Number of protein chains: 2
Amino acid sequence: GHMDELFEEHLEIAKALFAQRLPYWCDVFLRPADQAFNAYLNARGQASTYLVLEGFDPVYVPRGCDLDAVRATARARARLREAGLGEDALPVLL
Amino acid sequence: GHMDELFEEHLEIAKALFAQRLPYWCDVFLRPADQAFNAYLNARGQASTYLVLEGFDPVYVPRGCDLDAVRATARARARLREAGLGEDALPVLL
Ligand SMILES: [Ca+2]
């Protein structure tokens with residue numbers, strides 16, 4: 001598939017979450033596209049900070065969402081992932 | 001290989017900074033080795049969060065260091081870099 005379309009559709013997902021000032025937990029991209037997606041969000045008008053938490057949990061965080069709260073959320077996500085919960089059942093923001 | 005030495009030597013510096021809850025702005029890694037260094041820190045027992053805003057300025061943030069403060073610092077660093085200051089003269093933590 002084209003990367004432009006992948007980035008465009010994931011931008012639409014990000015926008016839906018960012019409209020509520022929620023972070024977008026998304027690990028679908030390979031390297032270095034994972035980091036580049038943050039440049040895409042910012043270029044397209046969606047102010048975003050990229051974090052990788054707990055070693056391997058990436059997230060795109062809108063302005064207006066507390067980064068320390070996202071890190072706290074990642075700690076809980078890690079415990080729940082280890083217990084076998086799928087990504088869509090993990091907490092988005094504590 | 002030289003990458004193994006690179007990661008091992010920078011681990012030592014990160015450990016020293018993290019002991020004082022200071023972030024490590026380290027620009028010696030070529031993307032995507034920048035993100036991989038954060039994975040290495042975590043794999044070696046140094047709890048670290050990787051943060052990227054809008055320029056090349058890799059940062060590795062320990063537990064107990066405020067990520068919102070690091071984000072604000074990244075913004076100030078970018079503005080000062082744009083004005084001509086060298087990396088060594090930039091703030092590490094507002
Ligand atoms: Ca904070």
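Please treat every number below as a calculation from the coordinates, not as lab data. Reconstructed Cβ throughout: ideal geometry from the backbone, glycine too, with neighbour counts over all protein chains shown.
When you scan the range A:27-43, do you find a residue that is hydrophobic (A, V, I, L, M, F, W, C) and either more than 14 Å from every other protein chain (Cβ to nearest Cβ) or within 16 Å of the ligand (Cβ to nearest atom) (or both), even just one?
Yes, the range A:27-43 has at least one match.
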Given (1) at the interface with another protein chain (Cβ under 9 Å from one of its Cβ atoms); (2) of a type in the set (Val, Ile, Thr); (3) more than 16 Å from the ligand (Cβ to nearest atom), index of the condition A:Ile13 fails: (1)
Taking only pairs six or more apart or across chains, which ones have beta-carbon atoms under 7 Å, a first residue in the range B:58-76 that is over 13 Å from A:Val52 (Cβ atoms), and a second residue that is aromatic (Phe, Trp, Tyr) and not in a loop (DSSP other than H, G, I, E, B)? B:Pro62/B:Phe18
Of the candidates A:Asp4, A:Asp34, the one satisfying the condition of being exposed (fewer than 12 other Cβ atoms within 10 Å of the Cβ) and out of contact with any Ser or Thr (no Cβ under 8 Å at 6 or more places or on another chain) is A:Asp4
Condition first: within 16 Å of the ligand (Cβ to nearest atom), within 14 Å of chain B (Cβ to nearest Cβ) and on the phi > 0 side of the Ramachandran plot. Can you find one or more residues in the range A:65-86 that meet it? no
Taking the condition of being within 7 Å of chain B (Cβ to nearest Cβ) and out of contact with any helix residue (DSSP H, G or I) (no Cβ under 8 Å at 6 or more places or on another chain), how many residues in the range A:44-64 meet it? 0
Note on the range A:23-35: residues in a helix (DSSP H, G or I) and free of Cβ contacts under 8 Å to residues at least 24 places away in the same chain are A:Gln35
